[PDB]
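All remarks here apply to the structure that follows.
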Amino acid sequence: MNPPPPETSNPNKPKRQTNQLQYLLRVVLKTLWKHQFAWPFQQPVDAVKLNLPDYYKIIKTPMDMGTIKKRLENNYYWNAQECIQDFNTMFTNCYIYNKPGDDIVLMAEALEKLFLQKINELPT
Ligand SMILES: CN(CCCNc1cc(=O)oc2ccccc12)C(=O)c1cccs1
């Protein structure tokens, strides 16, 4: 079975909107989303659809850009670093579940480089 996807709202968690979080949605997320290699990362891994019955036996903190997008749209994050951590979790999950040289690992490496390029300088 698939696990529940990560929460995109939580009334127990305090919200915030910052210039950096606005930039992370308008610029970083929405630019990465259009990359030719973004498609594996635009939704939670559907292990039933993709016939990956070991995916969630290995990956215990799943994350994807669709979840990140919803979290940004909901002001779920307190600050930009919290959002950056979710991106880094998404990339590392890919490297953990797969192996060096795999096509999807090449995709995540390219997206991670573009991600780092975009967050190198954030607004103030
Ligand atoms: C080795 N593989 C297949 C590994 C299993 N497939 C996936 C692994 C993963 O961590 O995330 C995914 C996300 C979407 C679709 C397939 C996968 C690949 O290189 C490719 C997976 C999808 C694009 S190329």
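Every chain in the structure tokens takes a letter, A first, then B, and so on in the order presented; its residues are numbered from 1, and the ligands are numbered from 1 following the presented order.
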
Against ligand 1, which residues of chain A fall within 6 Å? For each one I want the closest pair of atoms and the distance in Å (one decimal), counting only C-alpha atoms and all ligand atoms, rows by chain and increasing residue number, as a tab-separated table.
```
residue	atom	partner	partner_atom_place_in_ligand_line	distance
A:40	CA	ligand 1	14 (C)	3.8
A:45	CA	ligand 1	13 (C)	5.4
A:94	CA	ligand 1	10 (O)	4.5
A:97	CA	ligand 1	10 (O)	5.4
A:98	CA	ligand 1	10 (O)	6.0
A:102	CA	ligand 1	19 (O)	4.4
A:103	CA	ligand 1	19 (O)	3.6
A:104	CA	ligand 1	19 (O)	3.9
```

Report as a tab-separated table (two decimals) with N, CA and C atoms, in the first residue's frame all protein, DNA and RNA residues lying within 10 Å of residue 1 (chain A), evaluated on only C-alpha atoms, omitting residues in the same chain fewer than 3 positions from it.
```tsv
chain	number	residue	atom	x	y	z
A	4	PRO	N	0.16	7.38	3.77
A	4	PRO	CA	-0.38	8.73	3.60
A	4	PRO	C	0.71	9.66	3.11
A	46	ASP	N	4.22	7.21	-6.08
A	46	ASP	CA	3.12	6.25	-6.02
A	46	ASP	C	3.73	4.87	-6.19
A	47	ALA	N	3.99	4.20	-5.07
A	47	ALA	CA	4.69	2.92	-5.15
A	47	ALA	C	3.80	1.82	-5.73
A	48	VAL	N	2.48	1.95	-5.61
A	48	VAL	CA	1.58	0.98	-6.23
A	48	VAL	C	1.62	1.13	-7.75
A	53	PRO	N	7.46	-1.74	-4.49
A	53	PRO	CA	6.94	-2.14	-3.18
A	53	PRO	C	7.94	-1.97	-2.06
A	56	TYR	N	8.85	2.62	0.16
A	56	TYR	CA	8.60	3.14	1.50
A	56	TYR	C	9.08	2.21	2.60
```

Handout entry: Contacts of residue 118 (chain A) at 9 Å (only C-alpha atoms; same-chain gap of 3+ positions) as a PyMOL selection string
Key = chain A and resi 24+27-28+113-115+121-122

Same residues, N, CA and C atoms, output as an mmCIF file, in the first residue's frame:
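Writing the result to selection01.cif gives the following:
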```cif
data_model
loop_
_atom_site.group_PDB
_atom_site.id
_atom_site.type_symbol
_atom_site.label_atom_id
_atom_site.label_comp_id
_atom_site.auth_asym_id
_atom_site.auth_seq_id
_atom_site.Cartn_x
_atom_site.Cartn_y
_atom_site.Cartn_z
ATOM 1 N N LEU A 24 10.907 31.446 -2.857
ATOM 2 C CA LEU A 24 11.030 30.002 -3.027
ATOM 3 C C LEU A 24 9.860 29.416 -3.806
ATOM 4 N N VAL A 27 9.893 31.790 -7.687
ATOM 5 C CA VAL A 27 11.070 31.614 -8.521
ATOM 6 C C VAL A 27 11.580 30.180 -8.463
ATOM 7 N N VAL A 28 11.938 29.694 -7.272
ATOM 8 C CA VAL A 28 12.697 28.446 -7.184
ATOM 9 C C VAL A 28 11.827 27.253 -7.571
ATOM 10 N N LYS A 113 21.653 20.877 -8.690
ATOM 11 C CA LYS A 113 22.538 21.959 -9.124
ATOM 12 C C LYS A 113 21.753 23.222 -9.445
ATOM 13 N N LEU A 114 20.646 23.087 -10.180
ATOM 14 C CA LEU A 114 19.826 24.251 -10.490
ATOM 15 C C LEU A 114 19.217 24.838 -9.224
ATOM 16 N N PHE A 115 18.740 23.967 -8.327
ATOM 17 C CA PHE A 115 18.225 24.406 -7.030
ATOM 18 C C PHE A 115 19.258 25.240 -6.278
ATOM 19 N N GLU A 121 21.538 33.006 -3.814
ATOM 20 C CA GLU A 121 21.190 34.344 -3.381
ATOM 21 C C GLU A 121 19.680 34.425 -3.236
ATOM 22 N N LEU A 122 19.229 34.725 -2.035
ATOM 23 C CA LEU A 122 17.833 34.958 -1.743
ATOM 24 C C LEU A 122 17.588 36.443 -1.502
#
```

Cut-off 9 Å: closest region 17-87 of chain A/region 8-13 of chain A atom pairs per residue, using only C-alpha atoms, as JSON lines:
```
{"residue": "A:67", "atom": "CA", "partner": "A:8", "partner_atom": "CA", "distance": 6.4}
{"residue": "A:68", "atom": "CA", "partner": "A:8", "partner_atom": "CA", "distance": 7.8}
{"residue": "A:69", "atom": "CA", "partner": "A:8", "partner_atom": "CA", "distance": 8.9}
{"residue": "A:70", "atom": "CA", "partner": "A:8", "partner_atom": "CA", "distance": 5.9}
{"residue": "A:71", "atom": "CA", "partner": "A:8", "partner_atom": "CA", "distance": 4.9}
{"residue": "A:72", "atom": "CA", "partner": "A:8", "partner_atom": "CA", "distance": 8.7}
{"residue": "A:74", "atom": "CA", "partner": "A:9", "partner_atom": "CA", "distance": 6.9}
{"residue": "A:75", "atom": "CA", "partner": "A:9", "partner_atom": "CA", "distance": 8.6}
{"residue": "A:76", "atom": "CA", "partner": "A:9", "partner_atom": "CA", "distance": 6.1}
{"residue": "A:77", "atom": "CA", "partner": "A:13", "partner_atom": "CA", "distance": 8.5}
{"residue": "A:78", "atom": "CA", "partner": "A:13", "partner_atom": "CA", "distance": 8.7}
```

Serialized selection, N, CA, C and O atoms, as a PDB file, in the first residue's frame:
```pdb
ATOM      1  N   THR A  67       4.194  18.337  -2.901  1.00  0.00           N
ATOM      2  CA  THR A  67       3.993  18.607  -1.479  1.00  0.00           C
ATOM      3  C   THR A  67       4.599  19.944  -1.089  1.00  0.00           C
ATOM      4  O   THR A  67       3.975  20.746  -0.381  1.00  0.00           O
ATOM      5  N   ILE A  68       5.841  20.184  -1.515  1.00  0.00           N
ATOM      6  CA  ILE A  68       6.487  21.458  -1.225  1.00  0.00           C
ATOM      7  C   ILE A  68       5.654  22.611  -1.768  1.00  0.00           C
ATOM      8  O   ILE A  68       5.453  23.630  -1.089  1.00  0.00           O
ATOM      9  N   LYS A  69       5.165  22.472  -3.003  1.00  0.00           N
ATOM     10  CA  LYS A  69       4.357  23.528  -3.608  1.00  0.00           C
ATOM     11  C   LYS A  69       3.118  23.816  -2.767  1.00  0.00           C
ATOM     12  O   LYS A  69       2.799  24.976  -2.485  1.00  0.00           O
ATOM     13  N   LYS A  70       2.412  22.761  -2.353  1.00  0.00           N
ATOM     14  CA  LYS A  70       1.226  22.948  -1.523  1.00  0.00           C
ATOM     15  C   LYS A  70       1.591  23.586  -0.186  1.00  0.00           C
ATOM     16  O   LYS A  70       0.868  24.459   0.312  1.00  0.00           O
ATOM     17  N   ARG A  71       2.718  23.175   0.402  1.00  0.00           N
ATOM     18  CA  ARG A  71       3.136  23.766   1.674  1.00  0.00           C
ATOM     19  C   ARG A  71       3.424  25.249   1.514  1.00  0.00           C
ATOM     20  O   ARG A  71       2.999  26.060   2.339  1.00  0.00           O
ATOM     21  N   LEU A  72       4.121  25.622   0.440  1.00  0.00           N
ATOM     22  CA  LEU A  72       4.376  27.031   0.172  1.00  0.00           C
ATOM     23  C   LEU A  72       3.077  27.797  -0.036  1.00  0.00           C
ATOM     24  O   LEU A  72       2.901  28.895   0.505  1.00  0.00           O
ATOM     25  N   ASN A  74       0.252  27.225   1.177  1.00  0.00           N
ATOM     26  CA  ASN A  74      -0.489  27.257   2.433  1.00  0.00           C
ATOM     27  C   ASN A  74       0.218  28.032   3.545  1.00  0.00           C
ATOM     28  O   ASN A  74      -0.323  28.118   4.655  1.00  0.00           O
ATOM     29  N   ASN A  75       1.395  28.607   3.280  1.00  0.00           N
ATOM     30  CA  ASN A  75       2.227  29.261   4.298  1.00  0.00           C
ATOM     31  C   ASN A  75       2.545  28.313   5.448  1.00  0.00           C
ATOM     32  O   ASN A  75       2.637  28.728   6.604  1.00  0.00           O
ATOM     33  N   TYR A  76       2.738  27.035   5.105  1.00  0.00           N
ATOM     34  CA  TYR A  76       3.005  25.973   6.073  1.00  0.00           C
ATOM     35  C   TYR A  76       4.334  26.151   6.793  1.00  0.00           C
ATOM     36  O   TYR A  76       4.472  25.751   7.960  1.00  0.00           O
ATOM     37  N   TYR A  77       5.316  26.736   6.117  1.00  0.00           N
ATOM     38  CA  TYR A  77       6.660  26.878   6.648  1.00  0.00           C
ATOM     39  C   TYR A  77       6.794  28.098   7.550  1.00  0.00           C
ATOM     40  O   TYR A  77       6.128  29.113   7.354  1.00  0.00           O
ATOM     41  N   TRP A  78       7.697  27.987   8.527  1.00  0.00           N
ATOM     42  CA  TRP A  78       8.086  29.142   9.331  1.00  0.00           C
ATOM     43  C   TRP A  78       9.140  29.987   8.626  1.00  0.00           C
ATOM     44  O   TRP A  78       9.107  31.222   8.716  1.00  0.00           O
TER      45      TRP A  78
END
```

Practice task
Write down as a PyMOL selection string the residues belonging to chain A that are assigned alpha helix (DSSP H) by DSSP computed on the backbone.
Solution key: chain A and resi 19-23+30-32+47-50+55-58+65-73+80-97+103-119

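Minimum atom-to-atom distance to residue 22 (chain A), evaluated using only C-alpha atoms, belongs to A:80 out of A:86, A:99, A:49, A:80.
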